[PDB]
Structure formats: structure tokens, C-alpha cells
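Could you have a look at this structure, given as C-alpha cells, before my questions?
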Amino acid sequence: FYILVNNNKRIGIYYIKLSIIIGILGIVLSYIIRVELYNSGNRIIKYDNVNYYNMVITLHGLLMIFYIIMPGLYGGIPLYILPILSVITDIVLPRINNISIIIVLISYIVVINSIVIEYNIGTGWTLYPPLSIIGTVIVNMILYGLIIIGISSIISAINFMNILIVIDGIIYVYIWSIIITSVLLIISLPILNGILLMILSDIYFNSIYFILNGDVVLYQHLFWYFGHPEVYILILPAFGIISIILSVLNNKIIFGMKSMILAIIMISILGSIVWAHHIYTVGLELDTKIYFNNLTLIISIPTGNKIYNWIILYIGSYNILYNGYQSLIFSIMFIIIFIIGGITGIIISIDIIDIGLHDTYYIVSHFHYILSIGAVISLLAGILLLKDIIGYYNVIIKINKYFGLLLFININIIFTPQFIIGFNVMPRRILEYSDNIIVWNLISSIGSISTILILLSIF
Amino acid sequence: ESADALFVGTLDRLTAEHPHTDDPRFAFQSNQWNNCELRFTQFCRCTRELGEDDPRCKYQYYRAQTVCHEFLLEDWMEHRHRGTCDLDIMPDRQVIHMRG
Amino acid sequence: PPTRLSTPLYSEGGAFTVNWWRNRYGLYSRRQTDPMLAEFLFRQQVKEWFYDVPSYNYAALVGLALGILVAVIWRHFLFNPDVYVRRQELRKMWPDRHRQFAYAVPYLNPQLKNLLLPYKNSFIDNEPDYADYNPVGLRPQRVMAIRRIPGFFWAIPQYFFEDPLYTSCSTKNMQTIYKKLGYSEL
Amino acid sequence: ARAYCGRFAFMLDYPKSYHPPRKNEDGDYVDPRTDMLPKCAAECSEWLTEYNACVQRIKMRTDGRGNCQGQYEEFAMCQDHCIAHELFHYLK
Amino acid sequence: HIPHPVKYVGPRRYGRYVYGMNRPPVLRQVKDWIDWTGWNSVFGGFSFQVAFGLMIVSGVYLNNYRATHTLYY
Amino acid sequence: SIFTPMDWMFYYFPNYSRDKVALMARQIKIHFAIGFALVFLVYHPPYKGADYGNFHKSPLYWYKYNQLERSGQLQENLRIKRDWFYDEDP
Amino acid sequence: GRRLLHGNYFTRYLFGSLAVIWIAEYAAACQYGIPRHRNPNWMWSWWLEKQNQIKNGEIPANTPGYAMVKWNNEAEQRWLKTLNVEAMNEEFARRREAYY
Amino acid sequence: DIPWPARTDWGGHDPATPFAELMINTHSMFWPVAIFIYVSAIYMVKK
Amino acid sequence: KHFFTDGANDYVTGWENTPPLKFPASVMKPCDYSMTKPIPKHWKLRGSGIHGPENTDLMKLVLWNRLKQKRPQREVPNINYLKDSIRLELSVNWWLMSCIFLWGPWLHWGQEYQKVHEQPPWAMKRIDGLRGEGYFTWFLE
């Protein structure tokens, strides 16, 4: 059979396959954006059809996060190797594992069908009210997808937590990363469901939470209470993969295993109580802003320890071993890229600096370096490491120095200018812009078209 | 004619002599929504005692305009004129203490 | 860390000790099925986690972060004027909430604000004392600091009397320049 | 028998430095205490609101009876305590 | 868990019920039953309501009577 | 302990650190109190810290201050270099 | 039989937490000097004077607040057309006679 | 005031208020620290 | 206790790490060979040496844990155990009694007083002319 299969390793493959398929739509949406931003004036989107652009950015953000990266890093690799890293045979809850991947597909079909049938309007991937609750039915459809996706995420989190009961070996660092990510989902998802229901209530049940005398900022607190743990849920599995790749490909025992494990735990605890650095410009109390700013900076301490522990893993490795394997290059590239993304995150953590850089392309570049480069490269690196175990072929990616170099150069061309544009300044979620920002936007656009061409070379 | 006369009498007086500065009761917060509601309630009570024509209540309205946007005031003034403004309901006709 | 089960492990009395940890570690464990095996696994975990020197660094960090977290939560409820828990003031119109207004001014003047506000001149180059004077009196009059903020501020001299242009850029001098032209009052 | 109670100097918070008094537009020095009165009143706002309430209560009396001296003395004591901490910094 | 003896010190058997003859006074029987089944459940169960009841009903004196006699205006 | 490598704590204070589990708890408790104390003792206290006349002047302050005072630099530094907007056009 | 939590954990951490919250609040009030006397009344001085007049008998009983103001909204103008305080008092007087 | 072509404007440009200067100075204050963090780590990415 | 714990409250399988204290040490003892004296050099390893059923105490522990599951009569626990088993049940029952016989009477009294005096007996009477019951929990005002 193909749909009835409960084998966890098969389901892991399905997660990877589905993420690539949905990735194409996400890439298409991303390509539409940079083509439009090539220069001032409409290029592929009519001025009378600006609503479509708002939908493109809204779906680009939603699909890439919930439908592409999260299934790939939290559903794909973990379902394949996690029961193997544990001494157990298969996943604890086989039937739940089957329904989780099916749920992800159905939610994807609902989302894309809504593009085709409903009027195309957008409110951003964060769905801030009141804009989200004064829109058309496409917003209702997107909410159903998120709620449905939430069901799959929570049941998958329950599945991984049960490994603690049955694990017959040692809890490796990678296993810890998945377990702690599951803990974050369990504590953050129910809060997300509650606020999403309130959005539906206003949209569909004549609720008045998001009109005058009802604080709209209420949504931002509850949403970001899940929002920031989500970004840490995306990256923590990537950290686990990097730890395995560096140790395995260098024949070096992981240094400071317990320090690595405690760093992951510390990040989750801190990541659950710093959500309001997304709300600096709303006008919070003085003491509130100081607290979140102070605690946000503290997240760098555990994150820094992991970076240094990774570096010493690569240092001193035997020279005779060939170092040009794509998996090793991607793992090393992650350290270089993540540091850039994290440092810029610390810059925008300072709230007064953030006043100028909120809702600008500097924030875009910040999370693209971490997610579009780092997370993707970590997912690529893990899949490459498991090529023999997974057994896929008909691609030239294992030893391809051209692909690694071209990818690194061109992605940096896309997003380095966006840091510069942030100070110029160019707002986010914008289709037109002043003529004097064209040069930097043009350079990034040339970077985007180049990256897409490179992907065709792997086949 | 005293240095601390502003504070003496009322905390209200502080912004009556300095309309464009922060009110002591709401200076700690950037959000001034509660400040606008207090100012409007003060204007409503002035008219009840002194009447609209009184210059004092005219200035109280000006104080409200200093912190209340016009789109809010137009809506709230409409409710006040009809008689459905919850701020201006006479105390003996309030329902806050009823049924709990 | 002993390597023989015959040698006992020293334990203190209290709610977080070796004995306290042993009693609860194996409550949910399917692997600690007999004394010999249970002790071996218990000492294995204790050796791996509590005898790891770098682990104690994270213990300090979680304590500090949680301590700040609890204090800020508690401070808002206790002192923040805008936070209501009792209902007496919420049953009255805004002008009548006299008890709540008592929190306003003291909550507006925390110690740290007074200490650090004078150090604005480490950031602003022109007229760092533009907002120092306020005749209303809700806050103290500010006086610019005489030294740079410790740390990463190597751009400016260690003390402001070493800067030849510091006095010329003060709000007083600029006010003198513009008043001489009749340009503005400030 | 004697004017003051002696203390260690570390207990006595004598001003470290001297700030000259502000000068009026006319050119005459303004009293430091008068400049500090508005600030210290704010620091004693709680007592001031209690005094302010008393004024309104006695205002709404048909009879002439009523005084607010008790509340005023509490406010005055608080304001002066604030002044004492900072006044000598402006006095030679 | 600290092992400890059974604290019940009352009679362990009253004998066969014979039309309610040769049995203790009713109040003594109630005391024995609670001793047998544990006073800890009684105190825990009643603690919440006692605390709430005392706090609310204390206001009859603390909030109502005292306030009338203690208002400086 | 604060800013202390615990290997030093193990070495120099064996008896105190004999119970590692208890030692870990004290590490958490000690740093919890510090964080709690900072908020309520350093940040919270109202109407304090405004004695700007008592700025701390460390020995390094006086060393540099006297060095410039001895020469004319201190007088020159404090002098207002410009107090007019427009220069006179010849 | 092995115990994981405090022997009396539920009562300990419920009453104990409530006690600590109450004691902390009292300390906070002392530090800031907040008045702790409870007033259940609105503080509008003019209105309280009118209520005292009703209690003294200067103003007839059951007289509405809108009958005493210098500015009336539209809804109050509607009610004033049907207001008869004298009739209301007579009706109450009749009820008392019937009851006794 | 307004964006200009091909400008890095690293940290901001053209402040007109004392607060605007503060924003730029804060970024410049931390910028050298950011370089130190990057350079020190990257230099050790090697066998 | 309600919740199942592998270590202590293992009622699903009934496994116990140690035998009952009734048995003499000669008959059965806890599986502890930490105090075994050093093996003479001339002795040779015949068995695996692996921790498992080759050790007599572990074999007897496994055997007893299976054969204890059939017994002629109940092994009666003491009243302390029986109290703990239904601690929540007994306490909830007493909580119901407290609601009926403590809360009910004074809540009824307050409503009757409120009828006559317009406010509960534990509240300050208002002079502001507003009508209605007002607050109930006075200390939260």
C-alpha cells in the first residue's frame, strides 16, 4: 500500500517528499515577490490587483513555516532516525503517525484551493486583527488550515514524548532536541488554539473582542506567546542534526554533551518568556520593555555555548579525510550563517534600535539568514548524511562543490542588501517603494533568479 | 501664588495650567486612552453642575480635545446628546450595583 | 564519585539532596528493577549530571532568569497603577479612583531611572540635556553625568571634562546662539 | 540640654558638591527651596490628595465649622522631609 | 514516605449489634468514627470553607460596624 | 557561588560541596535571590538615586582632572568655543 | 509506597501561597503609603451634596437626578415630560397605609 | 530625511532629534562588539 | 494511590524490587551483592558474570514476582494504607458537608439581610444614591 502504511521510516520519507512539493509553491511565491521588487512600478502585479501581493507574502510566510520547514525538520528526519537512535524498533503510536502526515496534506489542499476559489487578499502570516477579521473568506480558510495543522503538530509531539518510556539506550543530544521541541509545542499550541478561536469568533460569530473597548494588542500577546517558541521549535531540531553530523564526520566525541543538552533546555525556558520583543513599538510599559529586552539578551548565553562546542568538534579533525562532502560543508556553513542571523537578532533586541528597524527589511534578512539559509541547509545536511540509509538517488548533491559555493554566494546576495535597505529605510510588506532604493532591491532580485537556476542543476 | 499650588487642591489642576504636558495619574504609561476617558467624564460632570454655556465647562471640553482624538469625541458626544453615554448616566440611574 | 556500590554516597538533610533525589528518580522507571541495578543507574545519572562542572553554570542562569521573572510579575500586580485586582476602584468613574492614583507618582520614579537618566550624554552628541529641565515637578530635575557609561563606550572620552567640545554643544549654549538671533526660545 | 544629636559622618549625608541657585530673568537669585517645592509636593501626593479631599468636604457644609489643619500638617511634614534631603546641596 | 504506627487508640470492636444495646453514646461514636477514618480528611475538607466563611462573615464587624464608627469625616 | 568555576569549588571546599545535588540547589537558590533582589532593591525603590550632587568621582577621575587642571587644558576644554551662528562675511 | 510531593502539598501550597500574596500586598502598600480605607461610594461632590439634601428633606423624596441638573440629554427630556414626583410619593404613601 | 541611492547608512542617517542621534549611537556602540563576536568565532572554523 | 508509577505504585504488573520482610535472609533476600568479598585468583569464571538470572537472588525475585500473584487470602494492609488509598474521596465528602452546613447557612443569611437593607451584612452601606446589591466579597474591594 501507499497511504495505509504505518511504518515510521516510510512516513518520514513522506514528510520529506511533501515538504519538497509544497516547497515549490513556496519558492514560486518567493519568486513572485522579488520579481515585483526589481524596480519601482508594477512589473507582474497590476496596481488594481495589489491585493494579490498581500496574499503572496501571507502564503509565502505561512507555507514555508508550517508546511515546509517544520514538517521537514520536525516530521521528516525525526520520524526516520529517532526510533533508530533509540534502541526501539518502531514509533510508539504507529496509527497516530499515519494520520499526522495525512492531516498535513489535507490542510495544504485546503489552503491552495482557497487561493483558486476565494478572492485573494492578505493580512500577513501573523494575521493581526482587526485587518484579519474584516477580510473575506480566504482568511476563514487559512484559519482552518492552521487549526488542522495544529492538530497534527500536537499529536506528533505526543508521539515523540512517549519515546522516553520505551527508549532502551542513551538519550543522545539529537533526541533531547526533539523532546524539548515537543515540550514547547505542548505548552504553546493550546494558547495558539485559544486565540485563533477568538479570531474565528469575531470573523464568524459576531464577537466583539477586536473592536473599540476591546484591546487589539490582546491578540499580539497570545499570538507571539506561541510565535516565538515556534521559531525556537523550528531551529532546535536543526541544532540536533548539526551535532550528529559534526561528531560523525570528524570521528570526535561530542564535547560537553551535558552542556549541549542543558543549553537546549535553557533556550526553551527562556524562549517561552521573551515573546514581547515582537511588540516593542506598541507602547508597552517602561518596566515591561526593560524586562523583555533584558531576558531576550540572555538567550544568547546558552546559544553561544552551543556554537563554541560545535567549533571545537571540527577543530583538530584528521586532514586525510576528504572535507568536500556536501553534508560537512553545509554543517560548517550553518555555524557561519547562524552567527550572522543571531547577532542581528541581538541588535534588534535593543528596543531603541528596534524602533528604527521594526517592520523593515532588516528584520526580513534577520530571519531569512536563520531560516532560509540555516534551517534549509541543516535539513539538506541531515538528508545528505542519511543518503545511504534513506537510499534515494538520481541526484548529484553528495559531492558537488559547485552547488554549495553557488548557493552560498547567491543567497548572501539576496539578503545582505536587505540589511542595508533596512536603514534606508524600506518597510516590509510593501510592493512599491521610492526610486532611491532600487539599486539594493535590484541586486537582491538578481540573487533570487540566480538561486532558482541553481536548483535545476542537482537533477 | 504658591510654588506647589498646582498639586494642592486637585491633581486635575496640573494639566489645567499645562494642557500639553503629562498628567500625573497617567504619566507612567505611554497609552493615554484612560486619560481621555477621565477628561471626557470631567467635561460631562461640569455641564451637569454648571451648564454648557459656562466658560469653565467650555475649557473642560478643550482639555478633553487635548488628549482625545476627534473621531472618538464625535462618537462619544453623539452618545452624550442622545442620553446613552455610560460616562454621563446619572448616578441614581446606574445599574453597576444591580444583580451583583 | 565512587565506583563501588559498597561505598555509600554522602547525603545531606533537606528537600534537595542525594537521598531526596534517590527516592524520586526511579518512581517512573521501568529499568530500576532491583537494588543492584537501581543503584548503578542512579549513580550513573548523578555522576553524569551533578558532577559535570559546566552544568552548574546553567543552574545559575535559570535561577537568575526566574528570579527576575517572578519579581517583575509580582511588581506589576503590587505597584503598577494600571493593573487592577481589587474592584472598588473599577466600580467608579475615572475621576473618583483616588486610591489607584496614589500609585502613579511613586511608580513613575523608580530608583534606577534616577540613577541612569543622567547618563544620556553618552549617547546624544548635541544637546544631551535638552529635556533635563521640567518646571512641573513630577520628576526630579536631571543633571548630566560626569563620566561615560562603563563598558563599550570607547568612542567618547572617559570623562566629559576631557572633551573640548562638550560644553559648546550643551542645550544652554545652543539656546544662547538661537536667542541671539531671535530664532527660538529654546 | 543640647542642640543636636551627634552621629558618624557616614550617617550624615552632607552634600558632596554645591550647585549655585538659579537666577531670575530680573537677575536676582531664586530661592532653592521654592524651586524644590513642586517636586516635593509630588512625592507627597498621597497625603496631598487626603488634604484636597478634606477641603472639598468642608466646602460642602451649610455651617461654618470645619478645618483641614490635621491633613495639612501631615502633608507639610512630608514635603519638608523631602526638602531637607536635597536643600543644602544648593546652599553655601 | 516515613513508616509510622496507626494512631487510632479507641475501641476496636463494640461487639455484635443486639438491638443497639451496650453501645457507646452517639457523640462518642462519632468521635470514634473520625478517629478510625482519620482527622486529616476532615481538616483538609473543611479548611477551604472555614477560611472563606470567616473572611466573608468577618466583614460584618471589620467592614460594616467598624467603618460606621470609624470615619473621620 | 557567583562567577566561580565549580571545579575550584570542588577542590577548595570539598566538605561544603560533598553533596552535589544539594550544591546544585544552592546554586539555583542563590542566583534566584540575586535576581529577585535586583528588581526590588535596585530598580523598584521610589524617590531614590536622584542626589545628582553626589556623583562618584573615582581616583582615576581626580588623576586626570588634576593633570589637566595643572596645565591649561581643563580651562581650554571647558571654554565655549563658539557662541554665534553666522560668521562675518568680509 | 514512596512519596513524591510534600505530605500536605495541596493545602500547603494553596493556603501558603495565599498567605504570601496577602502579606506581600500589605508590605507594598506600606512602602508606597497608599490609603487603605475603603469607600464604597462615588466621590462626585456635587451629587453627594444633593443626596444629603434629599436625606435632610430639602429635596422631595424619589426626585430623579436628571430633575436636578442644569443640562439634560434628549432621553432625560423625554422622561421629564412624564415625571410626577408628587404623584409617586402619594402612591408610596398609599402602599404604606395598606400594608399597615 | 529621505532615502538616497546606493547608501549603506549603517545604523541610520540624518537624525533631526536628540532621540534620533541616540538610536544611531547605540547601534554604533554595539557594532564593534558584533564584529569581535563574529571574527573570533569564524577564525576558528577550520580543521 | 490513583496514579500509576512503575517504581512505587505498580498495580498493573505488581512487580516489587525487593522480597517481603517476612522471609528469613536464608530463604530469600534483597538482590545485593555489592559486599561480595574479593574473588580468589585460583577461582575461574564459569558463568557469564552478567547481571541477570544466574544470580540466585535475582532468580528468586523473578520467581516470587510471578508466583506471588496467587495467594489463598488477602494480605490485609494497616489502616494507614487504607486511609491513604481514599484520601481524596474522604476529603471531597467532607468538603460537601462543609458546603451544606457552613457555607449554606451564612449565604442564606446574607441574602435575607440584603433583601431588607439593600446590601449584604458584610458591606459598608452606600450614601451615593446608587441602587442595587453591590459587591459581595468585601475584602476584594
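Observations on the structure shown:
As written, the chains take the letters A, B, C, D, E, F, G, H and I, and residue 1 is the first residue of each chain.
In the analysis below, a contact is a pair of C-beta atoms (placed from the backbone, for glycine too) under 8 Å apart; a residue touches a chain by one contact, two chains touch by 3 or more.
Considering every other chain in turn, the ones in contact with both chain F and chain G prove to be C, D. More C-beta pairs touch across the C-F interface than across any other pair of chains.
Averaging the CA coordinates per chain and comparing them to the mean over all protein CA atoms picks out C as nearest. Computed from the mean C-alpha positions, the centre of chain G lies at a distance of 47 Å from the centre of chain I. The centroid of the Cα atoms in chain F and the matching centroid in chain H are 26 Å apart. Centroid to centroid, with C-alpha atoms defining each point, chain B and chain I lie 59 Å apart. Residue numbers of chain A whose C-beta contacts span two or more other chains: 285-287.
Shared contact sites, meaning residues of chain H that touch two or more other chains, fall at 22, 26, 30.
For chain D, the set of residues that touch two or more other chains comprises 19, 37-38, 41-43, 45-46, 49. Listing the residues of chain C that touch chain H in their complex gives 120, 122-128, 130-131, 152-153, 155. Across the complex, chain G is touched by residues 23-24, 27, 74, 78-79, 88, 92-93, 95-96, 98-99, 102-103, 106-107 of chain C. Those residues of chain D that touch chain B in the complex are listed here as 34-35, 37-38, 40-42, 45, 48-49, 51-52, 55, 79. Every residue of chain G that touches chain C in the complex is listed here, in rising order: 2-4, 24-25, 28, 32-35, 38-40, 42-44. Against chain A, the residues of chain C that register as touching in their complex are 30, 48-49, 52, 54-55, 57-58, 61-62, 64-65, 68-69, 72, 75-76, 80, 82, 110, 113.
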